[PDB]
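>>> Turn this into a model:
(4 chains, ligands or ions: 4)
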There are 4 protein chains.
Amino acid sequence: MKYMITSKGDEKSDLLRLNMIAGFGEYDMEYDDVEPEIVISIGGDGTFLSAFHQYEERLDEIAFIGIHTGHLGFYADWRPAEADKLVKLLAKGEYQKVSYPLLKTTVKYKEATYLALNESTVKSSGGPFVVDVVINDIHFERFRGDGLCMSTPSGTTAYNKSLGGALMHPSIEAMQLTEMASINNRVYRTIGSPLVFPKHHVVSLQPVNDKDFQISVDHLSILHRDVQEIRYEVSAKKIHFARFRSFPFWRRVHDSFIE
Amino acid sequence: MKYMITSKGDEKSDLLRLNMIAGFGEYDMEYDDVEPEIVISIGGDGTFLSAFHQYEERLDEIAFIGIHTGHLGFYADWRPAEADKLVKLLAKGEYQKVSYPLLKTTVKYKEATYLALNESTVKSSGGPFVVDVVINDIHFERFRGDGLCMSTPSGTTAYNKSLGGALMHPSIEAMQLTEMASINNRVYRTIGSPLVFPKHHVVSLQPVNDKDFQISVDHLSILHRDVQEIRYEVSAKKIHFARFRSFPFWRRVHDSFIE
Amino acid sequence: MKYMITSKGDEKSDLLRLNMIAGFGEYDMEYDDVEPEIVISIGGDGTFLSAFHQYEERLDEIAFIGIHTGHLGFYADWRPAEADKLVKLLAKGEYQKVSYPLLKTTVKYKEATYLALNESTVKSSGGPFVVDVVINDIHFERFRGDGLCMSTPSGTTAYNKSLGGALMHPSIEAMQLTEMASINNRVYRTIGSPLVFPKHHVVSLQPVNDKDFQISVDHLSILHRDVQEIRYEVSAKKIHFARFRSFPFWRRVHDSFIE
Amino acid sequence: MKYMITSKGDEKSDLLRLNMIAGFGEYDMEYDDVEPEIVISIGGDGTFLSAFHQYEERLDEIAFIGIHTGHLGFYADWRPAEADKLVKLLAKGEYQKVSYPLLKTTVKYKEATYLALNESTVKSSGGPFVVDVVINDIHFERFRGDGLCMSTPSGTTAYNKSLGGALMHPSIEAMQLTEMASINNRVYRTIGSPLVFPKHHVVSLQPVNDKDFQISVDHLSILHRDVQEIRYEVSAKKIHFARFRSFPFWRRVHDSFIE
Ligand SMILES: CN(CC#Cc1nc2c(N)ncnc2n1[C@@H]1O[C@H](CNC(=O)Nc2ccccc2)[C@@H](O)[C@H]1O)C[C@H]1O[C@@H](n2cnc3c(N)ncnc32)[C@H](O)[C@@H]1O
Ligand SMILES: CN(CC#Cc1nc2c(N)ncnc2n1[C@@H]1O[C@H](CNC(=O)Nc2ccccc2)[C@@H](O)[C@H]1O)C[C@H]1O[C@@H](n2cnc3c(N)ncnc32)[C@H](O)[C@@H]1O
Ligand SMILES: CN(CC#Cc1nc2c(N)ncnc2n1[C@@H]1O[C@H](CNC(=O)Nc2ccccc2)[C@@H](O)[C@H]1O)C[C@H]1O[C@@H](n2cnc3c(N)ncnc32)[C@H](O)[C@@H]1O
Ligand SMILES: CN(CC#Cc1nc2c(N)ncnc2n1[C@@H]1O[C@H](CNC(=O)Nc2ccccc2)[C@@H](O)[C@H]1O)C[C@H]1O[C@@H](n2cnc3c(N)ncnc32)[C@H](O)[C@@H]1O
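Numbers count the residues shown, from 1 in each chain, chains lettered A, B, ... in the order given. Ligands and ions are numbered 1, 2, ... in the order given. Below you will find the coordinate block:
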């Protein structure tokens, strides 16, 4: 079945890529990097992120797999040594799909939308960052700090985690807002805690004075000018993973942070 | 319809209780404190917690209402002044039910189960608190600290919040584990972050040496002796609230912590 | 005695400035904004910061006073209403000096030094921020995160505080390092806690790959290119405040954050 | 010179103790466990703490040494293998003393004082912990939470650290107050940050309703009844360490938490 493979582009990963394509040739898997059904990423979670964004308009039609040739990532949860086995099962099919939820960011000025697999962050360009925070059309706080991070479930082990966010199991359809260094006094008062929103809640940010912001989607950082609204909601689209064995998420969490 | 009313027992709340019963008499609402269908709590969230536990084996059959005669609580979200209106709508019916998820704690030695509306905490009796933490039969960390807090969604604004937990919207069926003062070194290593578990995940705690613990369920604190396991999971039972108007949770969060 | 007065430049503060100069004329206080002995700042702590930096090469020879025409600052701890009294005592002299410690930042490429009254921060320009941290020539950690904040004692109620830093009483001659969003895994491991250094300790930062950084001294933000070292130490210079009455620091802390 | 040696009392440490005494016999060091001049502790920091408290009325007259037969402690910073060298230099003298500051806790009801090397903590007995906090006779906050920890400089790597306290270099004469799980709302408002006090500041705690508390001094936990005041200040007494080589504190910090 159609397939494509992306590489971190160092020596170790380019080699492993050519050996996989050859093994795929020993079945009749048609390489197509235009309409693949299976997208294999080789290197690190960053490489995987790029694989996801390279194909984010065909999400409902692709199964992604991560192979970490550096250290384990959360998306790249295959060692190189397991490559030949991968190719094998990947050919026979009879594999299962798991879907993780995604984050839609909408930026009104026209109107542009982004899909994040880790998180969408907002900071200020130059001046201090001051936005009013609106939850389902309800004014909640006036945030003054360094910025805000909206994380997916699988993104909570990433940036979110470093911001003191909670770690969330990916089957939960939600989004998590973490503060970045809010000032807090009788004047300026924010909630502090990470907030965790369900499906269909719209978290909307509204600027007070400066209208320019730096928006980051999975480490891509766009500068946006003359901003009127940023809207976060849990996306309707989901990413699909090819699952060949049990690698529970909490097991994955353990190996990356405890031992 | 059958009903009962609980009081904080200070002067302000006992009065408001008698005036509500009289107004109920002006309809024909039968007071029954043995099999009520509607349980009204008057005072603070503590009073409400007690109302919930007084009737925790008939949860599937009761709608609770909170009236705060002190400061707003999260469960007691009615001012006294609105009492006469309450009685009124409470009589005609045609009100809606909202259900919040609950937490089951199971303590094996026989075996005892508890239902929490805020959270179930564990501390040590005397000695240091050391348990191994097991997630769906997966050894995750060996925790050494002051203790652990497992919070419901609606409990995340309570103890959980003070432990740096995330605030969670109550429609989300989950449970949140917050650490209490873990020691962290090359020897002892815990995750740090609040962890947030879905339905059907069982978080199980297993003692290393000392076997005695102080377990707290909604501020009730039992000492347990010769403990073999503590098991947390999202309960199948839910609590039901009578809803007469919109008081969104995030609105409720705003009023209690921001302004 | 020679004196000068700086203004936030809104209407309220310019007026108060002219009325003070007139009152000074009713004594014979020579206005000199080139070699003042007394520097009065009118507006907010920001205005005061600017007053300090406008005269940072004559620190050993100036007493600063803050008047807050907005909300109380930590440096601007005089209400406008007290202005006429201020002028009065300011004329007779017989006032006491308090000195707060300062922070020297040294940036080697030539070599440039900065004096901070609040803090010196470092972030990355574009890429991720990765420096090795060296304490008295001892390699301590390899920090990978958003950045680092080195705060003075009186600066600990400022940025430092929002970064989870400790609040420090200003008579203590020290400097405090707070992390900004470190990544932590088996690979990358930082201390986490705020660190608090004494006099004569040199905290030195050393870049790993990217050599460009954004350095902030009291909210002035310079971009520095081809950086070889950043060195923090407690400065030998001190700032002097004119003290006319008791306004203890902890009292000051209480009014700004508790009530 | 007079000397004594304390043991964790497991097999490894009792042996090492007898071999040191024999080596001391090969000089003429008089063993005296009543008036030693040198107190050697063998095991872990806990063992060392006990050695300190066993001799806390002769502090101005004893040099302590720690040997860790488990893992390195902060006070037990000698490996067993270095024992014979220790004995040697310990005999010739010509060693240097370093002194770390200590914490005095005063508990008025009569009046009892305690000396801590790590920290003095306060919790409640049964009920919720509510004290007013007074700094040099200035009412600062009304704390409602799980408790409070007052840490020495060298204690900041201990409990203090787990409470989010800052790590402090021991030459700094100060004390650090960390909160334990304060509730924070418009009603109850505490500072949050660790506070760091200098010499001569008296931090005094005053109970609101319940008067019983559990006070912990270096993990000794006394229950105190009918309490009127707890007073913390930096002690006039200091502990003295025998220093035979450079083991800088920050180096010590690195080895225990980073690598
Ligand atoms: C360039 N990245 C690729 C990714 C990813 C990533 N996904 C996840 C995930 N789902 N769950 C768990 N771990 C993850 N990883 C891991 O992170 C390290 C890779 N990347 C960073 O090292 N980046 C970085 C950025 C700035 C400062 C310091 C570090 C590896 O171990 C990966 O496996 C982008 C991602 O960087 C995160 N990010 C941004 N700022 C961060 C910060 N201050 N602290 C921690 N993370 C931060 C964020 O999520 C962004 O999308
Ligand atoms: C006796 N309580 C009754 C309750 C509740 C309660 N529910 C919630 C909730 N769903 N969401 C938001 N707020 C809540 N409230 C609010 O809390 C204050 C009432 N109670 C406390 O003041 N108790 C306390 C206990 C120890 C130390 C300091 C304070 C009011 O404002 C209520 O409206 C029991 C609950 O106490 C929580 N608890 C325990 N230790 C805590 C700590 N260290 N910090 C913060 N909370 C702590 C916990 O959830 C326990 O079940
Ligand atoms: C432009 N400032 C002037 C100052 C100062 C200042 N000194 C102190 C101090 N000794 N002790 C206590 N409070 C202080 N203030 C108070 O701070 C508010 C003023 N300024 C900010 O609002 N600035 C800001 C910046 C970015 C994002 C949000 C807020 C008033 O109330 C002042 O009285 C510069 C100072 O901004 C601090 N800063 C930077 N980033 C921060 C952040 N994320 N959170 C909190 N502070 C941050 C930092 O110290 C910088 O030097
Ligand atoms: C019985 N101890 C002896 C001691 C000490 C000690 N001194 C220091 C120090 N100057 N600097 C750095 N590390 C230190 N150590 C290290 O701590 C571990 C030993 N002890 C604990 O494991 N005790 C414990 C208690 C409750 C829950 C979990 C752990 C070793 O590695 C030692 O080398 C008493 C000390 O226990 C601290 N303590 C209390 N509660 C704590 C908590 N929740 N988290 C972290 N520490 C906590 C506190 O300072 C008390 O005095």
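>>> Output the contacting helices and strands for the longest strand along chain A.
Identified as the longest strand of chain A according to DSSP state E is strand A:229-243. Packing partners of strand A:229-243 (3 or more CB pairs under 8 Å, 6 or more residues apart in numbering or on different chains; DSSP states H and E): strand A:63-68, strand A:96-108, strand A:174-180, strand A:195-198, strand A:203-207. Backbone N, C-alpha and C define where each C-beta goes, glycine included.
>>> Am I right that residue A:76 sits in a helix?
No - counting by DSSP: H, G, I helix; E, B strand; the rest coil, residue A:76 is not found in a helix; it is coil.
>>> doesn't residue A:49 make contact with it?
No - Residue A:76 lies out of contact with residue A:49 (CB atoms under 8 Å); the separation is 9.9 Å.
>>> and the gap between residue A:26 and residue A:90?
Plainly put, residue A:26 is 12 Å away from residue A:90 if you go by CB to CB, to the nearest Å.
>>> swap in residue A:42?
14 Å.
>>> Looking at those two now, which is surrounded by more residues?
Taking other CB atoms under 10 Å in any protein chain shown, residue A:42 and residue A:90 do not tie; residue A:42 has more neighbours (29 against 23).
>>> Direction included, what does the one helix or strand the more buried one maps to pair up with?
Using DSSP states H and E, residue A:42 falls within strand A:38-43. With DSSP bridges as the test, strand A:38-43 is paired with strand A:3-7 (parallel), strand A:63-68 (parallel).
>>> what would those strands look like in JSON lines with distance to ligand 1?
Output for those, formatted as JSON lines (distance: least, CB to the nearest ligand atom, whole Å):
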{"stretch": "strand A:3-7", "distance to ligand 1": "14"}
{"stretch": "strand A:63-68", "distance to ligand 1": "8"}
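>>> which one of those strands is the most hemmed in?
Most buried of the strands paired with strand A:38-43 by mean neighbour count (mean count of other CB atoms under 10 Å in any protein chain shown) is strand A:63-68; its value is a mean of 24.
>>> what is the orientation angle of that strand with strand A:229-243?
Interaxial angle of strand A:63-68 relative to strand A:229-243 (axes from the mean of the first three to the mean of the last three CA atoms, to 10 degrees): 80 degrees.
>>> Tell me the buried residues in the next helix or strand after strand A:63-68?
As assigned by DSSP H and E, the chain's next helix or strand after strand A:63-68 is helix A:83-92. For helix A:83-92, the neighbour count (16 or more other CB atoms under 10 Å in any protein chain shown) marks A:83, A:86-87, A:90 as buried.
>>> what does stretch A:207-226 give?
A:207, A:213-218, A:224.
>>> now swap in stretch A:226-234 and tell me
Buried residues in stretch A:226-234 (16+ other CB under 10 Å): A:227, A:230-234.
>>> If we ignore the residues flanking it in sequence, what's nearest residue A:70?
Leaving aside its chain neighbours, residue A:70 sits nearest to residue A:44 (4.9 Å; criterion: CB to CB, 6 or more residues apart in numbering or on different chains).
>>> hmm, back to that, please identify which of residue A:76 and residue A:49 sits among more neighbours.
Between residue A:76 and residue A:49, residue A:76 has the larger neighbour count (other CB under 10 Å), namely 26 against 23.
>>> Return the residues in contact with the more buried one.
A:41, A:43-45, A:47-48, A:66-68 (CB atoms under 8 Å, 6 or more residues apart in numbering or on different chains).
>>> cool, and residue A:35?
Counting by CB under 8 Å, 6+ apart, residue A:35 has contacts A:2, A:58.
>>> Find the closest residue to ligand 4 in the stretch 51-200 of chain A.
residue A:164 (18.7 Å; CB to the nearest ligand atom).
>>> Quick check, that residue in contact with residue B:164.
Yes - under the criterion of CB under 8 Å, residue A:164 makes contact with residue B:164 at 6.7 Å.
>>> which residues does the closest residue to residue A:33 other than its chain neighbours bridge with?
Of all residues not flanking residue A:33 in the chain, residue A:4 sits nearest, at 4.0 Å (CB to CB, 6+ apart). For residue A:4, the beta-bridge partners under DSSP bridges are residue A:39.
>>> what does residue A:222 give?
Here residue A:222, judged by DSSP bridges, has bridge partners residue A:215.
>>> measure it to residue C:72 for me?
Residue A:222 is 39 Å from residue C:72, where distance means CB to CB.
>>> Residue A:50 now?
Distance from residue A:50 to residue C:72, by CB to CB: 50 Å.
>>> who in chain A is up against ligand 3?
Proximity of chain A to ligand 3, by CB under 6 Å from any ligand atom, involves residues A:128, A:144-146, A:181, A:183.
>>> and the helix or strand hosting residue A:250, anywhere near chain C?
For residue A:250, the enclosing helix or strand under DSSP H and E is helix A:249-257. Yes - applying CB under 8 Å from any CB of the partner chain, one finds helix A:249-257 touching chain C at A:256-257.
>>> can that helix be found next to chain B?
Yes - judged by CB under 8 Å from any CB, helix A:249-257 comes into contact with chain B through A:250-251, A:253-254, A:257.
>>> Neighbour-wise, give me the winner out of those.
Going by other CB under 10 Å, residue A:253 tops the residues of helix A:249-257 next to chain B with 23 neighbours.
>>> Tell me if I'm right that that one and residue A:154 touch.
No - between residue A:253 and residue A:154 there is no contact under CB under 8 Å: 10.8 Å.
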